[PDB]
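S.K.: Sharing a structure, written as structure tokens. Questions coming.
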Amino acid sequence: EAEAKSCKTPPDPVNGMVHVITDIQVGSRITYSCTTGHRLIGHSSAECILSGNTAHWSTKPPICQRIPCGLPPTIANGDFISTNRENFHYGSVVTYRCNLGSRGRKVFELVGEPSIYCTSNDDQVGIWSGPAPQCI
């Protein structure tokens, strides 16, 4: 080189990997992304600007907030188990079931998708897969 000044290589932050496409120095542009299943904080798009002393990205180190998911759609009569209990965040899987008096008994049975898990399909909110399970 000779003179251009680089806005410092963007260090892979909270899970979100940076995409150093063109370069990193002045004029150069890249793109950040919190992989799959993660909300990107700040701005993915960035351009290496320069005030005078040192080159810096017009944006700022993008973060990555974990997509929070609430409780899974509880089916009538059907119970709830698995890892999930209260500390719901994302990905957590839950196994459905159905009443049985108190210790197993021919009284309603789970049918279809006996298990689900946290996911995303509308930003935050933390929408699961679907309340398909049903007692019969």
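S.K.: Looking at the structure I just gave you, is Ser45 small (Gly, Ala, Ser) and farther than 28 Å from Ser120 by Cα?
M.R.: On the way: small (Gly, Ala, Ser): yes; farther than 28 Å from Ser120 by Cα: no.
Spelling it out, it is not the case that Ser45 is small (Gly, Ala, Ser) and farther than 28 Å from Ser120 by Cα.
S.K.: For region 88-124, how many residues meet the condition of being in a loop (DSSP other than H, G, I, E, B) and either free of Cβ contacts under 8 Å to residues at least 24 places away in the same chain or within 11 Å of the chain's Cα centre (by Cα) (or both)?
M.R.: If we filter region 88-124 for residues that are in a loop (DSSP other than H, G, I, E, B), which is where we start, we get 88-92, 97-109, 112-114, 118-124.
Restricting the remaining residues to those that are either free of Cβ contacts under 8 Å to residues at least 24 places away in the same chain or within 11 Å of the chain's Cα centre (by Cα) (or both) gives 89-91, 97, 100-107, 112-114, 118-124.
Adding up the residues that qualify gives 22.
S.K.: So, of the residues in region 48-62 that are among the hydrophobic types (A, V, I, L, M, F, W, C) and more than 18 Å from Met17 (Cα to Cα), which turns out to be surrounded by the fewest Cβ atoms within 10 Å (Cβ to Cβ)?
M.R.: Top of the filtered list is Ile49.
S.K.: If only one of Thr59, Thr54, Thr35 is touching a residue at least 40 places away in the same chain (Cβ under 8 Å) and either out of contact with any strand residue (DSSP E or B) (no Cβ under 6 Å at 6 or more places or on another chain) or in the same structural domain as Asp23 (by CATH) (or both), which one is it? Before you say what the answer is, go through the steps one by one.
M.R.: Numbers: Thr59 fails: touching a residue at least 40 places away in the same chain (Cβ under 8 Å); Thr35 fails: touching a residue at least 40 places away in the same chain (Cβ under 8 Å).
Only one candidate passes the filter, namely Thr54.
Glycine gets a Cβ as well: all are built from the backbone with ideal geometry, and neighbour counts include every protein chain shown. Basis: the model, the stated rules and, where named, an outside source; these are not laboratory values.
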